[PDB]
Structures are given as C-alpha cells and as structure tokens.
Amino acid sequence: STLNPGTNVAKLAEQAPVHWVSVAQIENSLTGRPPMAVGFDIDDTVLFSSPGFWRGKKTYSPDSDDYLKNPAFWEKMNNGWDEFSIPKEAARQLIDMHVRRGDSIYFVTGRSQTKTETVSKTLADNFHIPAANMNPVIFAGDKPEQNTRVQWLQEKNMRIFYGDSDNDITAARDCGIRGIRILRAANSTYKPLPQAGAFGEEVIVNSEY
C-alpha cells in the first residue's frame, strides 16, 4: 500500500467481537463434574507439525499439495517426522488440567491412516499423559473402513472437542457438544489462517504457541 500508512487510536483499540476464554475459566466451568471423555485435534492444536508437512511438500509436491494424497508421504509423517513437531504450551496446560480431573483423553486426526504410527507414543511422551488417561490416536475419514470425526465424537461420548479448523468446531456443533477453538500459529504452513470465533465459539487466549 502506502509507504507511511500511519495509524490512529480507534484502529489501535479496535476489537473483533470474539468470545475469549482462559484455561482457568474452562477448568472452573467443569468443577464438580465427574471424569469424562474429551478430544483434541492434533495438527496446530496440540502439535506444530508444519515441519514435516513442509518437508513432505518440498519432497513430493514442490508445486502443489499433491503430497497429501501420496501414501509415501504419510508413512514418514506418521512414523517419525513428528519428532520434529513442536508441542504447544496451550495444549500442555489443557492436557495437564484434564489429567488432574481424571478425564479420558482422545486425539482425533484427519491425517491419512497408515499401517503403523508412532504419533500416539510421541503424544503420550511429550505431554506426560498417564496410562489410564491415554488413548491411541484415532484416524477419522470417509474411507469405508473408518468412521468420520462426528462418528468418533459420538461413539466415545466426548463432551468437549478442541481444534483450530472450522471443521473441528462444526463437528462438535453437529454432535451437540462444546467445541473450543485453538489459534493456529502464524508461521504454520497451513494457510490461510482460519477466522477463530466465526461460529460464535469460545476461543482460548494466547493459544498460538
């Protein structure tokens, strides 16, 4: 645009009409409630996994997103590239809180399913999730041999679902449960960034890291 655009105090103080919440407010809202099942999306919700996706694109689809359909990419992505995935502090706080409550923690992902996967171990290790609270990662999808995200949220009777994408929130709404938004990091390679709060959902403050 212009070289010296400047600014004004109206622009400096302008706020989008979003419902922000803190981990502490979420915990307070669960007080007295018995252990329950809760779910987390993985990519850009608990793990900054862009490193692997970046290398995958560079390796199999420099000029496109075809790598996401390449089975060769997924074998490596689900079996080791998450060693380069950075865990989010927001997720750490949320998981620690649910662990203290004794809730059952599930991880649901849209990643293509592979024969083996080391993601479940990476997650349990990174977030120090006790055995009684950990559950193997769930690969949701359309495939005839797998259930959809909505189906899994219902089957496991998850009462809360955390995610950064619009489909994460709509799935929660579709099931009639509480969908909570996590901010996607600005340096994520999955762009453009989604509009957190676009469904009137709660959005966790400072959850980009």
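The first residue of the shown sequence is 1; numbering continues from there.
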(message) When the Cα temperature factors in the entry are averaged, is it 71-79 or 92-100 that ends up higher?
(response) 71-79
(message) Mean Cα B factor from the PDB record: higher for 33-41, or higher for 60-68?
(response) 60-68
(request) Compare the CA B factors listed in the entry for 28, 165, 146, 49 and report the winner. (result) 146
(request) Tell me, lowest, middle or highest third: where does the Cα B factor of residue 114 rank within its chain? (result) highest
(request) Rank-wise, by C-alpha B-factor, drop residue 182 into the lowest, middle or highest third of its chain. (result) lowest
(request) Report the third (lowest, middle or highest) to which the CA temperature factor of residue 132 belongs, ranking only the modelled residues of the same chain. (result) highest
